[PDB]
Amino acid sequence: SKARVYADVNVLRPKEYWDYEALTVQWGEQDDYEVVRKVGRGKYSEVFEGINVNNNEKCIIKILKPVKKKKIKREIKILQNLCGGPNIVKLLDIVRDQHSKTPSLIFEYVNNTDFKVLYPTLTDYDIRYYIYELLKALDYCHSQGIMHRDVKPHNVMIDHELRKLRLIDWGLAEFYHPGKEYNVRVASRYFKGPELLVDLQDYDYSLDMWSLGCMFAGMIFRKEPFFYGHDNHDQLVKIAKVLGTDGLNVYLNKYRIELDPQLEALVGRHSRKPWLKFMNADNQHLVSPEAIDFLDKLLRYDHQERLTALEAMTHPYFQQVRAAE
């Protein structure tokens, strides 16, 4: 398996672009940045709204929990590689505590409204608008040789006032190399693509388009997460209970993947639920034949059939959005 697009980005680049351990982090002034209020939490970090005392600009201070040095080098080189491109969170500075030497990563500030709150307020057009903004970030990082590997609504910051969107949390992101076998213990559960769940390790940028699709189905159908699995096996089972098991088996044969019998048994045999069997009175206004057709081209077991981020942006679903732009 290889990526159908952008497969050669990192090979043509000088080795210094993707050799993230070759990076010597140039360090900044911890004082420059003061914690104002707590904004977020997660496994690998705590996140604070901050102030730059030099110039009084708001900022985001992301303080990392004790972390392997190599894993911080990767997140940092990715961010430096991607700073400036469409809808990518801009790294402002990287500072450390002097005594214990724990990193804080300084970002542009976004007056985010949490998705659990913001999403039910969104018009049909806003949904289209924001998926398109995210698609810009995705096509961009994919072109630059990076897979985000953790696309979810929590990782998509949205100032709704300024219609500003930033793809954040590049902690699970990774450079793409052809025939490189990756860890499938990436992404967040409900946004894990069939490939991660079935132990297909030579995956690529397409993984992000599954996650995108999950995130998109949850928005239009108002079922979030759309795929609610309890563990990694109940995730695949929830996918199969919708996408059908017939579609799975051809996919498993294509990449010659056998399932564990514990998995096979839990998965069983299921007919496909048509996408229109998620439309109810509540979400009715966010479904259209185009929303269905676009989503159907995202959520495919086969990562090679999946729309790329650049194809996805030309979908007639986004027509009105491209027209405004």
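One-based numbering along the sequence shown. The term rigid core refers to the maximal set of C-alpha atoms that superpose within 1.5 Å between the two forms.
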Problem set entry | Comparing 98-106 and 143-151 where Cα RMS over structures and residues is taken in 8 other deposited structures of this protein (core fit), larger one | 98-106
For this session: Once the rigid core is lined up, would you tell me whether 292-300 or 65-73 has the higher RMS CA deviation in 8 other deposited structures of this protein?
Result: 65-73
Seminar exercise, completed: The stretch carrying the higher mean Cα B factor in the deposited entry, 56-64 or 264-272, is 264-272
Exercise. Which has higher Cα B-factors on average according to the PDB entry: 289-297 or 32-40?
Worked result: 32-40
Exercise. Whose CA atom has the top B-factor in the entry, of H99, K116, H142, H154?
Worked result: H99
For this session: Could you say whether, by C-alpha temperature factor, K90 belongs to the lowest, middle or highest third of its chain?
Result: middle
Exercise. Comparing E75 with the other modelled residues of its chain, is its CA B-factor in the lowest, middle or highest third?
Worked result: middle
For this session: Would you please rank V237 by its C-alpha temperature factor against the other modelled residues of its chain and give the third it falls in: lowest, middle or highest?
Result: middle
Exercise. Going by what the PDB entry lists, where does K254 fall on CA B-factor within its chain: lowest, middle or highest third?
Worked result: highest
For this session: Place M313 in the lowest, middle or highest third of its chain's C-alpha B-factors, as listed in the PDB entry.
Result: lowest
